[PDB]
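To start, the structure under review is shown below, and the notes come after it.
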Amino acid sequence: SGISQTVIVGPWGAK
Amino acid sequence: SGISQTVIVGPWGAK
Amino acid sequence: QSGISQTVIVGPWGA
Amino acid sequence: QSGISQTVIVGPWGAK
Amino acid sequence: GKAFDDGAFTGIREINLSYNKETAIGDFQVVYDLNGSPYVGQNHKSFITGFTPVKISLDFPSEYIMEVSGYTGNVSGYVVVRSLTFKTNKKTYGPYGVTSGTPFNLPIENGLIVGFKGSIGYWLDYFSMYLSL
Amino acid sequence: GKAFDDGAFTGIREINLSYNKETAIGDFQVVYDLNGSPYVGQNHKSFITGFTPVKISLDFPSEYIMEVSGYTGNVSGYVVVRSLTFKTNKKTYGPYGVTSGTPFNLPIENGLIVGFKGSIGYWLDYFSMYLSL
Amino acid sequence: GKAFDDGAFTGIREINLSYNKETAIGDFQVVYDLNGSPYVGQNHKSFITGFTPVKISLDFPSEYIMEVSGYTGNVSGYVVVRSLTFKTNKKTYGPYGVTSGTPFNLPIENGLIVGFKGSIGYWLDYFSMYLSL
Amino acid sequence: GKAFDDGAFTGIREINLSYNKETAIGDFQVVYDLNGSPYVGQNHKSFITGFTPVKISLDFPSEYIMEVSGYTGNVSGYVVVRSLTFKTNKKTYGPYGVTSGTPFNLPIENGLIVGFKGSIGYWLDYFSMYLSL
Ligand SMILES: O=[N+]([O-])c1ccc(O[C@H]2O[C@H](CO)[C@H](O)[C@H](O)[C@H]2O)cc1
Ligand SMILES: O=[N+]([O-])c1ccc(O[C@H]2O[C@H](CO)[C@H](O)[C@H](O)[C@H]2O)cc1
Ligand SMILES: O=[N+]([O-])c1ccc(O[C@H]2O[C@H](CO)[C@H](O)[C@H](O)[C@H]2O)cc1
Ligand SMILES: O=[N+]([O-])c1ccc(O[C@H]2O[C@H](CO)[C@H](O)[C@H](O)[C@H]2O)cc1
């Protein structure tokens, strides 16, 4: 894949 | 500088 | 230490 | 999606 | 709620949110930085109105967020994000909304928030943050 | 307490920690991955002894941590980390310690914990995590 | 010439360039991906005209560039980029321009080109590439 | 030749290589940094002897590599790395070896070389570099 990636933290909130 | 870096999250706890 | 995200940059070629 | 971190890698230069 | 995902950008210039102390966070919109220019993200609106608007206008790129905190709780039988605070290297913004329910907090020692995703119904249901160096 | 900083590695093979059911988390040591080989981290021990040890052996590389949670609160007048819980894509480990005070949690949607830093006195005072892709 | 810097994006959808088989590369414009949507970059245009246009339309996101190569050499007293070639996982685009002078190449084993910067006067004088995971 | 892959580290402290002024680069070994400690990489040895050693001892962390360049070319019928030059923010080291064949170069505008991989038989056959921020 040609889409770059980033860290993601979460989610906070509802399921 | 010649030092690689990284994402750091926190701290949790005292101080 | 600013608010601008950074990324690796290679080059330049040419010149 | 694994537990191994990864890194950009450029090259190789030299033999194919 | 309706899911949203802004994706990742180069930084944050302004956060427009709204909230109601009786309930929770409502609307959420971000003006990102994209390679030195403002990127006006889509306004993710509560299905309802009646919120107080907040504009967090950052001194980009000198000022950046160093901590995001808040509370989740029950509103009308729904678990939602009730309150948010944004601490920068310059000032604290918030809390916006009542600080009651289960706390959470994301302090950043190194790195930047560069994106938001989540879901908003009547209220902000949940969110996540993209981080980068 | 005594500060520590493991820095960043290429992922996590094992977490060893210790705790007491009435105070808080005591000792902390991580076996990291480095470039596909095990790297045994420094063992960050409490100033005191008497804790219950726990070894969390991950099936690396298919198993990785997706959430770290716990509680902070006061033990003998100090804010410390009272409980920890590690949730991976396979299983939950913990909680270890005393689950009261103020909760915190770091879920990760994309990315990996690759290092820890913090401070331990009689108990774990605070900690932070290095994240990477 | 006129310096340009697109900055970094999510990926590359299309590259437009122009060249002349007796001089060098002239114009340069990229359609980037930005978080799954096309973002049409600034068109970096030569001071002169009469070049032959080329549209490289990638099958994003499955097709991505794995190698950029080219030549630099002197044209009318100016050392410029005379030729460019783009190798993807699907096929090779080019060479465009004149393949004479000093070669260069950037193969990528892991990672993605996500932006371009450089300078263009009558011809493309030089360029650099933003790389990301 | 024999493949090697050091992986990624935090930085580079020293490079130990050997070369022959009539052939190509032979041995290659790197002292990395790993979170503030020297990490002695494995010595990657040529299958033959008769090289001249050289020790590139960087003033880490204030000194770092900004450009690796060199030449690939035929020795005894094999394409090998004939020459290497390391330019830092402080000094240039090299060229080491023979400056003939096809030139290559990897200048870095932003980021760091944090690892090498490749293959060595009689001479260095090929190499790649890990890059980070
Ligand atoms: O009549 N209401 O007050 C009310 C409240 C919440 C409702 O649900 C919608 O919003 C929820 C909270 O944000 C959640 O997103 C849910 O999925 C939505 O249907 C509906 C009516
Ligand atoms: O006699 N005490 O129960 C007691 C407990 C803790 C003390 O401080 C040490 O531990 C603290 C919490 O871990 C903190 O690290 C402090 O800095 C340490 O000196 C002292 C006495
Ligand atoms: O009389 N000419 O063929 C000629 C060519 C190029 C000139 O300069 C412009 O292009 C240069 C090479 O790309 C360089 O960018 C320069 O700064 C431009 O003004 C002028 C005359
Ligand atoms: O005739 N020789 O001097 C000679 C040179 C190289 C040979 O092969 C070994 O080295 C090669 C280039 O480094 C390549 O790695 C090959 O796979 C090695 O066996 C044999 C004879």
Side-chain angles (χ1 to χ4, degrees), chain B residues 13-15, chain C residues 14-15, chain D residues 12 14-15, chain F residues 1-4 18-20 22-28 44-48 50-51 72-82 97 118-127, chain G residues 1-4 18-20 23-28 44-51 72-82 97 118-127, chain H residues 1-4 18-20 22-28 44-51 72-82 97 118-127:
Chain B
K15 135 164 140 329
Chain F
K2 174 74 178 93
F4 68 94
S18 76
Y19 72 94
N20 181 254
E22 298 219 315
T23 51
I25 301 294
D27 315 300
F28 193 77
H44 308 294
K45 296 197 88 274
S46 177
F47 285 4
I48 64 166
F51 298 99
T72 65
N74 165 329
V75 180
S76 311
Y78 293 88
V79 177
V80 298
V81 180
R82 301 202 71 184
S119 172
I120 297 183
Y122 274 31
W123 307 287
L124 175 60
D125 299 311
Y126 54 79
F127 73 107
Chain G
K2 182 193 231 264
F4 74 89
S18 70
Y19 72 93
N20 176 299
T23 57
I25 303 300
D27 313 301
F28 189 80
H44 309 298
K45 287 210 77 86
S46 174
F47 294 176
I48 57 160
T49 49
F51 296 98
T72 74
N74 187 293
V75 173
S76 300
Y78 288 91
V79 176
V80 300
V81 172
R82 299 200 76 182
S119 170
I120 290 171
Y122 275 41
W123 305 286
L124 178 61
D125 303 310
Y126 51 92
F127 70 103
Chain H
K2 187 200 206 184
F4 73 87
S18 73
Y19 64 96
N20 187 310
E22 303 181 55
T23 53
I25 288 305
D27 303 337
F28 193 73
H44 304 303
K45 290 292 287 168
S46 166
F47 298 170
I48 64 164
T49 56
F51 293 101
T72 51
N74 270 352
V75 181
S76 304
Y78 293 86
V79 183
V80 303
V81 181
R82 299 206 75 205
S119 164
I120 303 181
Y122 283 27
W123 310 279
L124 179 70
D125 304 309
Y126 54 84
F127 71 113

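Start at 1 and go down the list; that is how both ligands and their atoms are numbered. Order of the sequence lines sets the chain letters (A, B, ...), proteins ahead of strands, with each chain counted from 1. Computed from heavy atoms alone, side chains included, the values below leave out hydrogens, waters and symmetry copies.
- Summarising the geometry of F:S18 relative to F:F51, their closest heavy-atom pair is OG-CB, 3.2 Å, with the distance given to 0.1 Å.
- For the atom pair OH (F:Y78) and CG (F:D125), the distance works out to 9.0 Å, reported to the nearest 0.5 Å.
- Looking at F:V75 against ligand 2, nothing comes within 4.0 Å, counting heavy atoms.
- Listed by atom number, the atoms of ligand 4 under 4.0 Å from H:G1 heavy atoms are 14 (C), 15 (O), 16 (C), 17 (O).
- Residue G:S76 approaches ligand 3 through these ligand atoms, each under 4.0 Å from one of its heavy atoms: 3 (O).
- For the pair F:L124 and F:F28, the minimum side-chain heavy-atom distance is 4.5 Å or more.
- Protein heavy atoms are absent from the space less than 4.0 angstrom from atom 1 (O) of ligand 3.
- A distance of 8.0 Å separates CG in G:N74 from OG in G:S76, rounded to the nearest 0.5 Å.
- The side-chain heavy atoms of F:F47 and F:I120, taken from C-beta on, include no pair separated by under 4.5 Å.
- Each of the atoms 12 (C), 13 (O) of ligand 2 lies under 4.0 Å from some heavy atom of F:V80.
- If you check which protein heavy atom lies closest to atom 19 (O) of ligand 3, you get G:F47 CE1, 3.4 Å.
- With sequence neighbours excluded, the residues satisfying ring-ring contact (aromatic ring centres under 6.0 Å, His included) with F:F127 are B:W12, F:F104.
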- [ ] Start with the C-alpha distance between G:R82 and G:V75, add both sets of side-chain angles, then the distance that settles side chain to side chain contact (heavy atoms under 4.5 Å, CB included), and finish with yes or no.
- [x] CA-CA 8 Å; G:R82 299 200 76 182; G:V75 173; 3.4 Å; yes

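- When hydrogens are left out, the protein atom nearest atom 9 (C) of ligand 4 is H:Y122 CD1, 3.6 Å; that is the closest non-hydrogen contact.
- When only non-hydrogen protein atoms are considered, atom 12 (C) of ligand 3 lies nearest to G:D125 OD1, 3.2 Å.
- The CD1 atom of F:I48 lies 8.0 Å from the CG atom of F:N20; values are rounded to the nearest 0.5 Å.
- Listed by atom number, the atoms of ligand 4 under 4.0 Å from H:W123 heavy atoms are 5 (C), 6 (C), 12 (C), 13 (O).
- At a 4.0 Å heavy-atom cut-off, ligand 2 touches F:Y78 through the side chain alone.
- Below 4.0 Å from some heavy atom of H:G121 lie the following atoms of ligand 4, by number and element: 10 (O), 13 (O), 15 (O).
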